[PDB]
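Trainee: Following this line is work-v5.txt, made up of compact mmCIF, C-alpha atoms and all ligand atoms:
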# COMPACT_ATOMS: atom_id res chain seq x y z
CA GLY A 1 84.90 96.84 -32.37
CA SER A 2 81.73 95.38 -30.88
CA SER A 3 80.51 94.67 -27.35
CA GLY A 4 77.27 93.58 -25.71
CA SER A 5 75.66 91.84 -28.68
CA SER A 6 78.73 89.94 -29.87
CA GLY A 7 79.89 87.28 -27.43
CA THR A 8 77.54 86.58 -24.53
CA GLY A 9 80.63 86.05 -22.42
CA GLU A 10 82.22 89.31 -21.29
CA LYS A 11 86.02 89.05 -21.25
CA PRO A 12 87.99 89.91 -18.08
CA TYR A 13 90.27 92.29 -19.99
CA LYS A 14 89.08 95.30 -21.98
CA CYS A 15 90.82 98.30 -23.53
CA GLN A 16 90.12 101.86 -22.38
CA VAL A 17 90.99 104.00 -25.40
CA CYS A 18 88.68 102.11 -27.77
CA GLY A 19 86.95 99.72 -25.38
CA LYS A 20 88.16 96.52 -27.01
CA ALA A 21 88.14 93.14 -25.27
CA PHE A 22 90.32 90.03 -25.35
CA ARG A 23 89.64 86.92 -23.27
CA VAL A 24 93.43 86.67 -23.24
CA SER A 25 96.13 89.12 -22.16
CA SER A 26 98.64 88.38 -24.92
CA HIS A 27 96.29 89.40 -27.73
CA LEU A 28 95.02 92.48 -25.87
CA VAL A 29 98.66 93.56 -25.66
CA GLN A 30 99.40 93.29 -29.38
CA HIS A 31 96.27 95.42 -29.81
CA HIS A 32 97.57 98.07 -27.41
CA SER A 33 99.98 98.96 -30.21
CA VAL A 34 97.31 99.38 -32.89
CA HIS A 35 96.25 102.84 -31.73
CA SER A 36 99.80 104.18 -31.46
CA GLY A 37 100.05 104.04 -35.24
CA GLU A 38 97.30 106.53 -36.06
CA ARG A 39 95.60 105.15 -39.17
CA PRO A 40 93.78 107.14 -41.88
CA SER A 41 90.15 106.72 -40.79
CA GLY A 42 87.25 108.35 -38.98
CA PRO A 43 85.85 111.85 -39.61
CA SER A 44 89.28 112.89 -40.89
CA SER A 45 89.17 114.54 -44.31
CA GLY A 46 89.98 111.68 -46.66
ZN ZN B 101 92.19 99.61 -27.85
Represent the structure of the file as structure tokens.
Mentor:
Amino acid sequence: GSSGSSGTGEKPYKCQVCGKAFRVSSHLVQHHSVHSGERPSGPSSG
């Protein structure tokens, strides 16, 4: 997850929950299902 520095060309599509970006719509979609499956990460204990 990086924006601003990576890729001088801002994509037309960008997530809202994480703020991701995908020059294409197809990819962005497949990513819209990555959050649903809460993964063990972050400040969570573990
Ligand atoms: Zn996202």
Trainee: Give the residues close to ligand ZN 101 (chain B), within 10 Å, counting only C-alpha atoms and all ligand atoms; write them as a ChimeraX atom specification.
Mentor: /A:1,14-21,28-36
Trainee: How many Å lie between atom CA of residue A:23 and atom CA of residue A:11, rounded to one decimal?
Mentor: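 It comes out at 4.7 Å.
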Trainee: Which one of A:46, A:12, A:40, A:7 sits closest to residue A:25 if you count only C-alpha atoms?
Mentor: A:12
Trainee: In Å to one decimal, how far is atom CA of residue A:3 from atom CA of residue A:44?
Mentor: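 Here the two named atoms are 24.3 Å from each other.
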